[PDB]
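Participant: Chains as they are written, first to last, in the authors' numbering: chain C, 49 to 62, 100 to 117; chain A, 49 to 62, 100 to 116; chain D, 333 to 442, 450 to 528; chain B, 333 to 442, 450 to 528.
There's a structure below that I have some questions on.
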Amino acid sequence: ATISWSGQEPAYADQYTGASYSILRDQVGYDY
Amino acid sequence: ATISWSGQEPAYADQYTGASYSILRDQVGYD
Amino acid sequence: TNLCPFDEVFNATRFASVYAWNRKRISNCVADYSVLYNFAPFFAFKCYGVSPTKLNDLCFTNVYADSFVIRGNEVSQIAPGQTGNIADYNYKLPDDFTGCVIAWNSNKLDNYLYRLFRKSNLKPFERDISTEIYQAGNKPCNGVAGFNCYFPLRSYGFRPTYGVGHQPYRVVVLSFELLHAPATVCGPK
Amino acid sequence: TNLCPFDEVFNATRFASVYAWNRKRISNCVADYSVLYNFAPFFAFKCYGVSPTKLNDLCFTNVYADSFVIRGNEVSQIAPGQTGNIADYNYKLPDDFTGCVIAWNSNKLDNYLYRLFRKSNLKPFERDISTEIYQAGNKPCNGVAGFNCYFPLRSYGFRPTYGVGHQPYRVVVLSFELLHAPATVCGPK
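So this is what it looks like as structure tokens:
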């Protein structure tokens, strides 16, 4: 379960507001 | 050519925290 | 027809270094983004500014692709300008620049070089392939290694199972350049 | 009257090296502080807290002199309270000691070695001989010289007719210490 926090397009598998993205598919995407 | 701050007499030829100014008989020191 | 190499330059074996990249211009072709947009699992994606859902429509004069194998958590440094030893010395992307970067871990595929600090900060988009001696001290070292003499570049060669956060990452950056009087290079129909 | 010996340690034929400097302890004896100064023409007699009277009035428990060699433009660091691995990485004196430093030229008299990077700074008064290869990078050199891996020692060249700055002259550091078990002291004439 990936999900996109930027208000749109959740993402499904099998932070901060910069711009449009699709990230965090792996475990590297987050910092905490 | 070299003035000693300690007030003791320098040696006549024919800048840091130091005590004895019976030194500088050579061109090693000085700028 | 006439698809851009894309996959070949991305699935390429014997990937290059990090301090010394290879900016490849992609000439006139029709490039489907489906292979890049959707892939086999993993293979993270990190695209800023303009987004593919409207790049499928609009056209771009030309594009450059750059590839490298940066390791570690410092993959965050390839982002809008952030101060970090990778960023200001292994080149920094400009703030106004709106290209996109895709990264994934490489362990099955994989002696390599990693650039060391420079005498000053470096502007975006120039290579620093350079083997000289870095002059930290006021005393002119002017030769072999000594005090304040450091020869740049480092290595991490043959590092299996060095840590899940330490595994070799690799990332590719695409930049869409629109010079005056566009010529060609559009999306799929 | 077993006069305290200084001619042998200053007029020694084989002067040893700064890498392996011969610490010489002088036992109980009576000194003649006349040959100490006004030696052969041209020399340095820098010291911190030396009036001849308090030298000649009484002598002390024991003394451990040291001798070594450097070129011209490094006699700043032999003086205490100084940095610079040119001499710091081979020698260092505490801010509280009260010995002297003596310098005299040896261009007419004259392979010699040079200390180089060391894992860390040393306190006053140790000893370090190390043929073990030094490393400054992540790759373990673990053998012959390689990337960032250099031979730990360096020569001096001793080239005649070199510049006035780039010529060697030798230095003896004299330490006067009074230690515990006071009932040994030393007796004037």
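Think of the CB as a built atom: it goes at the ideal place given N, C-alpha and C, for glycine as much as any other residue.
At the 7 Å Cβ level, is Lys378/B part of the contact set with chain D, yes or no?
Facilitator: Cβ-Cβ to chain D under 7 Å: no for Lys378/B.
Participant: What is the C-beta distance between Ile472/B and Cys480/B, in whole angstroms, given that I count them as a contact (C-beta under 8 Å)?
Facilitator: Right, the Cβ-Cβ distance comes to about 5 Å (below 8 Å), so this counts as a contact.
Participant: According to the Cβ coordinates, are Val433/D and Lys378/D closer than 7 Å?
Facilitator: It is a contact, given that the beta carbons lie within the stated cut-off.
Participant: Along the chain, where does the beta strand (DSSP E) that runs through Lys386/D open and close?
Facilitator: Counting along the chain, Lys386/D falls outside any beta strand (DSSP E), though it belongs to the alpha helix (DSSP H) covering 384–387.
Participant: Do you know whose CA, among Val407/B, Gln414/B, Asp389/B, lies nearest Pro463/B's CA?
Facilitator: Nearest option by C-alpha distance: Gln414/B.
Participant: On the DSSP letters alone, give me the boundaries of the alpha helix (DSSP H) that residue 544/D sits inside.
Facilitator: Since the displayed chain D opens at 333 and closes at 528, residue 544/D lies outside it and no answer follows.
Participant: Determine whether the beta carbon atoms of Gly431/D and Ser514/D lie at a separation below 7 Å.
Facilitator: Contact flag set, yes.
Participant: Since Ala419/B and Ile410/B should fall inside the 8 Å C-beta cutoff, what is the C-beta to C-beta distance between them, to a whole number of angstroms?
Facilitator: Between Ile410/B and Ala419/B the Cβ distance is about 6 Å, and since that is below 8 Å, they are a contact.
Participant: How is the alpha helix (DSSP H) around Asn417/B delimited, first residue to last?
Facilitator: Unbroken alpha helix (DSSP H) run through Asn417/B: 417–420.
Participant: If we ignore side chains and look at the alpha-carbon of each, how far apart do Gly416/D and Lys478/D end up?
Facilitator: Their backbone Cα atoms lie some 28 Å apart in a straight line.
Participant: Taking 7 Å as the threshold (beta carbon to beta carbon), is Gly381/B in contact with chain D?
Facilitator: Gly381/B does not count as touching chain D.
Participant: Once you ignore the five residues that flank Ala104/A on each side, which residues in its own chain have a CB closer than 8 Å to its CB?
Facilitator: Cβ neighbours of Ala104/A beyond the five flanking positions: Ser54.
Participant: What are the residues that DSSP puts in a beta bridge with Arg357/B?
Facilitator: Beta-bridge pairing links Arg357/B to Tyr396/B.
Participant: Run through DSSP, which three-state label would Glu340/B get?
Facilitator: In the structure shown, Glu340/B sits in a helix (DSSP, three-state: H, G or I).
Participant: How many Å lie between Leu368/D and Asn334/D at the Cα?
Facilitator: Near 17 Å, if we compare the C-alpha coordinates of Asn334/D and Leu368/D.
Participant: Counting only the same chain and skipping the five closest in sequence on each side, list residues whose C-beta sits under 6 Å from that of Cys391/D.
Facilitator: The residues are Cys525.
Participant: Between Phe338/D, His505/D, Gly496/D, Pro507/D, which lies nearest to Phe371/D when the distance is taken from Cα to Cα?
Facilitator: Answer by Cα proximity: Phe338/D.
Participant: Would you tell me roughly how many angstroms separate the C-alpha atoms of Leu461/D and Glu465/B, rounded to the nearest one?
Facilitator: Cα to Cα, the separation comes out at about 44 Å.
Participant: According to DSSP, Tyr473/D sits in a beta bridge with which residue or residues?
Facilitator: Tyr489/D.
Participant: Less than 7 Å between CB atoms is the rule here; does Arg403/D satisfy it with respect to chain B?
Facilitator: No, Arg403/D does not count as interfacial toward chain B.
Participant: Could you round the C-beta distance between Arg454/B and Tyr351/B to whole angstroms and report it? I think they count as a contact, below 8 Å.
Facilitator: At roughly 6 Å, the Cβ-Cβ gap stays under 8 Å, so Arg454/B and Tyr351/B are in contact.
Participant: In this structure, how does DSSP classify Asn437/B when only helix, strand and coil are distinguished?
Facilitator: Correct three-state label for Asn437/B: strand.
Participant: Using the beta-carbon count (16 or more within 10 Å), is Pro426/B buried or exposed?
Facilitator: With fewer than 16 Cβ atoms within 10 Å of its Cβ, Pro426/B is classed as exposed.
Participant: Checking contacts by CB at 7 Å: is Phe490/B closer than that to chain A?
Facilitator: Output row for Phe490/B: interface = no.
Participant: What are the residues in the region 360–378 of chain D lying within 8 Å of chain C by C-beta distance?
Facilitator: Flagged, chain order: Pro373, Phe374, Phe375, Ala376, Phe377, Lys378.
Participant: Give the DSSP bridge partners of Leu513/D, in chain order.
Facilitator: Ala397/D, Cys432/D, per the DSSP bridge assignment.
Participant: Check whether the Cβ of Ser54/C lies closer than 7 Å to any Cβ atom in chain D.
Facilitator: Chain D, which has no Cβ nearer than 7 Å to the Cβ of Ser54/C, makes this no.
Participant: Enumerate in chain order the residues of its own chain whose CB-to-CB distance from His505/B is below 7 Å, with the five nearest sequence positions on each side excluded.
Facilitator: Cβ neighbours of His505/B beyond the five flanking positions: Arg403, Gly404.
Participant: From this set, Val407/B, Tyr380/B, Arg357/B, which residue's C-alpha is nearest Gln112/A's C-alpha?
Facilitator: For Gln112/A, the nearest C-alpha among the options comes from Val407/B.
Participant: Give the interface partners of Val512/B over in chain A, defined as CB-CB distance under 9 Å, in chain order.
Facilitator: Chain A residues near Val512/B: none, gap ~15 Å exceeds 9 Å.
Participant: Go through its chain and collect everything with a Cβ distance to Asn388/B's Cβ below 7 Å, but skip five positions before and after it.
Facilitator: Correct list, in chain order: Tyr365.
Participant: Using the Cα positions of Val512/B and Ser399/B, report the straight-line distance between them to the nearest angstrom.
Facilitator: Distance between the alpha carbons of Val512/B and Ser399/B: 6 Å.
Participant: Going along chain B in order, which residues have a C-beta closer than 8 Å to the C-beta of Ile51/A?
Facilitator: Here the premise fails: no neighbours, minimum Cβ distance about 17 Å.
Participant: Taking a contact to mean a Cβ-Cβ separation below 7 Å, would you say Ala435/D touches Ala522/D in this structure?
Facilitator: No.
Participant: Is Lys424/B close to chain D, meaning its C-beta is less than 7 Å from at least one C-beta of that chain?
Facilitator: It does not: the Cβ of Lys424/B has no partner Cβ on chain D nearer than 7 Å.
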